[PDB]
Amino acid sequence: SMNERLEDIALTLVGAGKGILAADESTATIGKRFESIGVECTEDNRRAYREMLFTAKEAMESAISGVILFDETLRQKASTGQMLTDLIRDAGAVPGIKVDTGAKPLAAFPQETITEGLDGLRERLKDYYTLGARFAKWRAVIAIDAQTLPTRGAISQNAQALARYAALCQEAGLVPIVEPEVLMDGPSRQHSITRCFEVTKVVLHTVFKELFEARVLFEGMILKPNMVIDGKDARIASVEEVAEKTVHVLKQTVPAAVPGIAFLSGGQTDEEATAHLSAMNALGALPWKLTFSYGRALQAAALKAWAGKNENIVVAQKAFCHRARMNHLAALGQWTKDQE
């Protein structure tokens, strides 16, 4: 019955061509985004920006199954006085909560990271459940170059921490989003799509091996991986190649028991993220749903149009709704260049 509840939550998050808004940027990460448009990163600006997204009615009702939140935001109220989690729920979306405390340097493995956040997590999860969160998220950052990175050590240690995080979540009634990101836009980003395929394959294999050993219910989780794609500074793979290779790697490494895969955008352009997802959804019947869990690819246009100003709310919401809808169509395999 815990299993049944988790299964139902996971299915709702990937159901009916809908997908996840990744709005869970930590203070430093959102500060970086805000700084790129010359906006000051205050708490009120963060609230106002998020409120603008979460009251974007069309997108929130028709396209967004869930929203991943950062801790601050989960506890924040709208200007109207209503809890932001309650706005999210009034649109028929499920609130979720990012619980990792960041990717930190891994001792003895230079240029690689290990994600922290397991300490006190049982207790944080119970609190988050009480506040209405029904899923969680943890991000593992996997560095990549032509040959030396990533190491098996870094992969295994990150997969082990993901498994620990995932078992705890399920124990508290929350569906874990498991995010192992092979970086397309890291410090080294000239790798080929072939190199990304071989690394992603080993990463997903190890991730699922560790989830298995830690007794994680595959039916009650969601995978949020990178697509198989070349590095940002060496992009030559076509939309078709990206889609074909991505789905090929998933067939090999993601058990059919997993109900959905919601991709990260990872540095891709807005249109790329949509085109790639759409082409994967026209490759014939798949054992899991393929959808989006996009941060940048859902937000970057909204953020630029917003520009920190109240008078830009509507025009910001339009950009967000438009990208939400294109990605909805992508989740249905129905997107075309013409619809942009």
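Residues carry their position along the shown sequence, with the first being 1.
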{"query": "299-307 versus 66-74 - greater average Cα B-factor per the deposited record", "finding": "299-307"}
{"query": "Higher-B stretch (mean Cα B-factor, as the entry records it), 235-243 or 91-99", "finding": "235-243"}
{"query": "C-alpha B-factor winner, where the candidates are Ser156, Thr113, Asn226, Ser188", "finding": "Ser188"}
{"query": "Third assignment of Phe292 from its chain's C-alpha B-factors", "finding": "lowest"}
{"query": "Chain-relative CA temperature factor third for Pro150", "finding": "middle"}
{"query": "Third assignment of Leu332 from its chain's C-alpha B-factors", "finding": "highest"}
{"query": "CA B-factor placement of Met326, once the chain's modelled residues are sorted into thirds", "finding": "middle"}
{"query": "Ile193 - which third its CA temperature factor falls in, relative to the rest of the chain", "finding": "middle"}
